[PDB]
Every structure is written in structure tokens, then in C-alpha cells.
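Before any comments, here is the structure.
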Amino acid sequence: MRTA
Amino acid sequence: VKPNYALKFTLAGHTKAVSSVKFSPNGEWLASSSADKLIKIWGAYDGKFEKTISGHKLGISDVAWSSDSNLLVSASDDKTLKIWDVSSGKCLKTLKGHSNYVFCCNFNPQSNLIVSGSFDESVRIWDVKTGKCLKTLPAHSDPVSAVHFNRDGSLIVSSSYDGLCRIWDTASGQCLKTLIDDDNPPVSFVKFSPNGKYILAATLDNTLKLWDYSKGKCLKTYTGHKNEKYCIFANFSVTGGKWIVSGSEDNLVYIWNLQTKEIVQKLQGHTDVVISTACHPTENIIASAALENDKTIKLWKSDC
């Protein structure tokens with residue numbers, strides 16, 4: 001995930 | 001001359017961090033993707049929530065629009081891409097073949113092709129009509145952080161944690177150019193300028209650079225923001241003044257003068273890393289989105  | 005972007009709406013509804021926001025080419029819509037496995041569609045001008053599109057088995061890192069604003073493509077950790085009919089919310093195709101997370105995606109201007117980049121270090125070119133993989137490029141030796149077509153679709157630019165930016169001939173899949181820089185900092189984002197002559201590249205050392213890739217020369221650098229750990233989207237803003245727009249890990253939106261490189265605005269209000277920004281195709285409108293502590297999208301308006 002980009003969010004991580 | 002400086003812009004005066006001010007907050008107009010805050011859009012809530014994602015249940016995990018937002019990963020990417022994109023304006024439709026006709027300017028009507030903002031699409032957002034999230035770690036919550038969902039795509040959400042919002043009215044670009046009043047922020048009204050329009051719908052939720054679901055079906056991915058894991059989170060989504062990127063989303064992109066077809067030229068006619070009728071289709072979306074999404075890239076997910078479930079190793080697939082999905083092509084969606086926006087009006088019906090139906091999944092038209094599932095594009096399989098990546099062997100790890102799909103991180104980034106884009107239609108070409110024609111919108112008969114999709115390009116994708118993955119943590120499996122490859123770049124894939126897909127046929128929209130059939131959903132078959134047309135080409136697999138061994139593009140990089142580290143995860144691919146961004147992929148983008150130029151304005152005629154003849155070229156693809158890709159970036160990777162390996163420190164490289166590469167320009168590819170779309171028709172043949174051959175690498176036309178590789179950009180190396182100094183001590184090879186990971187490249188977290190890349191995209192063509194609207195004119196297709198320059199590439200903007202973000203590196204995980206708190207730096208953005210504007211390159212002439214044919215000559216191989218960096219013409220501008222933009223600093224003052226924080227980017228060390230996340231693949232943050234950046235943009236050319238061209239509707240009014242010519243700005244460079246980016247998110248930051250200090251929870252702010254940064255706007256620079258493209259020519260002078262000076263910071264002309266810092267947009268305050270998000271409460272986590274601003275992972276994504278997007279610029280409206282016709283109006284001086286910015287969309288921004290943030291990570292787990294925030295989970296919202298903010299729309300901003302400027303007079304120039």
C-alpha cells in the first residue's frame with residue numbers, strides 16, 4: 001500500500 | 001504573483017487512509033482510492049459525494065480516468081488492476097499478471113491502453129478493450145513508484161526505488177532513455193509536463209526536480225517540503241499561474257513558482273501526511289488527500  | 005488557494009470543502013467517508021485523488025478530464029468529478037479497498041466519486045465543484053465503487057480484495061494505491069471520463073482504472077495490492085464503468089460502478093475487466101502489489105496506473109490519451117507499475121519491478125501495458133497484457137517491460141530492479149504517458153501516448157515514463165527514471169517507446173517497449181542522478185536516491189514519483197518536453201521527478205530526499213530528459217539535464221529543483229518515506233503525487237498547475245504542486249509529510253500542501261522555484265503557498269489544514277494532490281483541468285482548483293490520522297480529501301480554490 002502507498003499509504004504505508 | 002502568488003496564488004491564494006483557500007479551503008472550500010472537506011470530504012469524509014473513507015474508513016482508512018486515502019491513497020490517490022484524480023480529477024476527471026471533463027472536470028466534473030474527483031475520484032479517490034483508499035486503503036479501505038474502495039473508490040469514491042465526488043462532485044468536483046461542490047464536493048457532493050456521488051458513489052462508492054468496490055470489488056478489490058485489498059487496498060488500492062492509485063486510480064486513473066479515461067480521456068472520455070467514462071472509465072476508471074485502479075491498482076491494488078490484490079495484484080490486479082480493475083477497469084470500471086463509472087456510471088454503473090460495474091467492474092468491466094480484471095487485469096491479472098503482476099506478481100506483487102500494483103502501485104500506479106494511467107490511461108494513454110487515446111485511452112485504448114493502460115500502463116501499470118508494480119512492486120514486482122515490472123511495467124505492464126494492457127489493452128483496454130480486451131484486458132489482455134500486451135507487453136511486460138523489465139523496467140526496474142526495485143518497486144515501480146510511478147508510470148505516466150506523454151500527451152500523444154508515444155512515450156511512457158517510469159520511476160523506481162532503484163533510483164532511475166526511464167523513458168520507453170510505447171509502440172515497441174524499448175527504453176529510449178535512462179536518467180541517473182548522483183547518489184541514486186529512490187525516485188518516488190514521476191510524470192510528464194503537459195507539453196511533454198519535461199519530466200517532474202520526486203526523490204526520497206525531500207526534493208523535486210524538473211528534467212529535460214532528451215539532453216539529460218535537470219533544469220529546476222524544488223525544496224522546503226518533507227518527502228523521505230512516502231510516494232507523494234506532484235503536479236503541474238497550468239490553469240492560472242504556472243505552479244508546481246505537491247503534498248508533504250509535514251501535513252501541508254506545497255506550491256512553488258515553476259520558474260523561480262520559490263515557495264508561493266503552503267496549504268494548512270490536513271492532520272496527516274498529504275499523500276496526494278491533483279489539479280483541476282480548467283479551474284484553479286486543488287484536491288488534496290491525507291493518510292490514516294486524517295482520511296479526508298480537501299478541495300481548495302484560488303483566483304490565479
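Please read every residue number as a count from 1 along the shown chain.
According to its header, the structure was obtained by X-ray crystallography, 2.0 Å.
Each Cβ is built from the backbone N, Cα and C atoms, and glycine gets one as well.
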Of the residues B:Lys16, B:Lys209, B:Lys229, B:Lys295, which is given the SUMO2 cross-link tag by Swiss-Prot?
B:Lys16
If you check Swiss-Prot for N6-acetyllysine, which of B:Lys22, B:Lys48, B:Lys82 comes up?
B:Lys82
What recorded positions from B:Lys16, B:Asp77, B:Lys82, B:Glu292 have a chain A Cβ less than 8 Å from their own Cβ?
B:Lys16, B:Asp77, B:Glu292
Shortest C-alpha distance to B:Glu292 (site 'Important for interaction with histone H3') - which of the recorded positions B:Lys16, B:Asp77, B:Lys82, B:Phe103, B:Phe233:
B:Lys16
What same-chain residues lie close to the repeat 'WD 1' (B:13-52): Cβ under 8 Å, and 6 or more beyond its ends?
58-69, 72, 74, 76, 84, 86, 89, 233, 272, 275-283, 285, 287-292, 294-297, 299
Remote residues contacting the repeat 'WD 5' (B:182-223) - C-beta distance under 8 A, at least 6 residues beyond either end:
142, 145-146, 148-152, 155, 157-165, 167, 229-236, 238, 244, 246, 254, 256, 258-259, 261
Pop the Cα-Cα gap between B:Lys82 (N6-acetyllysine) and B:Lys16 (SUMO2 cross-link) into the table, whole Å please.
20
